[PDB]
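Below are two forms of the same protein chain, given as structure tokens: structure 1, then structure 2.
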Structure 1
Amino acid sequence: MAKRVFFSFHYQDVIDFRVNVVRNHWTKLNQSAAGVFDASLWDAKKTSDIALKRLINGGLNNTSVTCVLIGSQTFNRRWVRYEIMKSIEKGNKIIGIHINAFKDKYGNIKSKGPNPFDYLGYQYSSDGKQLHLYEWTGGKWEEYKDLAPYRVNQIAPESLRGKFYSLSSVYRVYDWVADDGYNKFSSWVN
């Protein structure tokens, strides 16, 4: 039964081609979110970051899995961090996949980039009803500016309140080569 993935990756030529190798493998029952924006139809005054968030949000609403494709600099790119943090709020399943081991035209690869889930985290409020978000930037953990703290529908138990959790303790990260993504990629999403 068909499922749609949101591919979260950052924009760079050296990892766009590696993302396309993954896309070349992901059938009839497999969909992925894709943008369509054309700024000529609509006003540069209105095309701000909230307009960007509205398009990302809407694309995410039609998916149930967010799959973060990890290259060398993915961990610190603004819009990838937003896609991950907004995916948490919407309750998507989230996984990460290292794709730096796809060879370029000279046969080179790159070492694994840092886990983007290591640079993001959250903390429940003292009353257990609000989720506060954080990102690693500027040498310390900053309150996450791109997505404000939000109320959760289920109160957190007191044992979970006031404790910081990095996302790497919550979401699984695969290695395309070591984990045989060629044969097991569908099992990671489904």
Structure 2
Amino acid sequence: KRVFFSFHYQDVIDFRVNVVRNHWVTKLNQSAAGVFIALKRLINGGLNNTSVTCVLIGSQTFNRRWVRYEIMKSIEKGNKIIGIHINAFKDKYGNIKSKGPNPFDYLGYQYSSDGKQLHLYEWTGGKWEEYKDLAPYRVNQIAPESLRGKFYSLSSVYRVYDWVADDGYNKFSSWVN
């Protein structure tokens, strides 16, 4: 499978992102996409010809505008989506850090009462607000009453791993498959 990696730029600079990305692309010789209305177009193109989105979670990832977009756009496109904490191993400065917030806790959705549309929300610091960088969209899929008119945080939907705790060295390819 072709994997879209989503991340804070600072985690690229600190050689945290490359630990996971190099495992997939070099060690396992697979292929990745990633970015480090125009910028959305670029990201959309990156997400095209991928089937899995992998959010690499560092200290500030939860707060990044285009990480949020990459996640929301990934849902609309029907990508598999997972998160992986990347703070538990040493960065290029030789430091280990505590886990950052789960980006999925800061994003959410609600199905419309007729079940035909999906409304999108993000946490803006003191409240939930309608998400502005991606429009609500039509779901062509069945939407049972038990799913309608209820708010869900994305952390109730997508799975999060830790590279060290969950042994990504042995298990990453299973997480995206």
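One-based numbering along structure 1's sequence throughout. Each form is matched to the other, and the largest set of C-alpha atoms that superpose within 1.5 Å is called the rigid core.
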So which one of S32, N57, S64, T137 actually moves, Cα shift of 2 Å or more between structures 1 and 2 once the core is superposed? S32
Determine, after fitting the two forms on their core, whether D175 shows a C-alpha shift of 2 Å or more between structures 1 and 2. no
So, superposing on the core, is the move of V19 at the CA at least 2 angstroms between structures 1 and 2? no
Relative to the superposed rigid core, does the CA atom of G107 travel 2 Å or more between structures 1 and 2? yes
Core-aligned Cα shift of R151 between structures 1 and 2, given in Å: 0.7
